[PDB]
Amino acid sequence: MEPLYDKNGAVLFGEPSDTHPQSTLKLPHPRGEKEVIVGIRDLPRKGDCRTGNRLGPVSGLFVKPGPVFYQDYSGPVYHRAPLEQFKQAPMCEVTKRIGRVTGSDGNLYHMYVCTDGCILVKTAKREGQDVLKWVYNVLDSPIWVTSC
């Protein structure tokens, strides 16, 4: 199973791994002043990092299936997409491009929200060429997609 990380950046089980250098998640980075849910129409911006915004503090963008988006989050999170909980699927009609996420396989993925509310990833380059949807979330925890 892909590990979770606490807001001090320590692995809560298993062994820790680094993010792909080209991921939109840049570590180390603070987070977890507050858990702040946001709507997809109110996804945060880069310049919210220091000030926060109207809705509260901002460490970046987090997402889990539902879809549920957060601009900050205090509990355990994934730093890489837990691919054991994804399944192969055709490209969807995408509604939003949300960042570049490291897969639990070490590869870079483009991450999208689909019209059907699914979170989908597509491999960024190389032999890979894979499209997968996030279908299970047994630890009910988001991916940290981007850090501000």
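Only the largest set of C-alpha atoms that superpose within 1.5 Å between the two forms is called the rigid core. The numbering used is simple: start at 1 and walk along the sequence shown.
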### Message
Out of 43-51 and 114-122, which one drifts farther from the shown form in 6 other deposited structures of this protein in terms of CA positions, with the fit done on the rigid core?
### Response
43-51
## Note on the structure
Stretch with higher mean Cα temperature factor, 123-131 vs 136-144, is 123-131
### Task
May I ask you to compare 97-105 and 46-54 by their mean CA B factor in the entry and name the higher one?
46-54
#### Entry: Selection from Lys34, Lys26, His79, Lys64 [criterion: highest C-alpha temperature factor in the record]
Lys34
### Position of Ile40 among the chain's modelled residues by C-alpha B-factor, lowest, middle or highest third
middle
### Query
Looking at the C-alpha B-factor of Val68, is it in the lowest, middle or highest third of its chain?
lowest
### Summary
Of the three thirds of the chain ranked by Cα temperature factor, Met91 occupies the highest
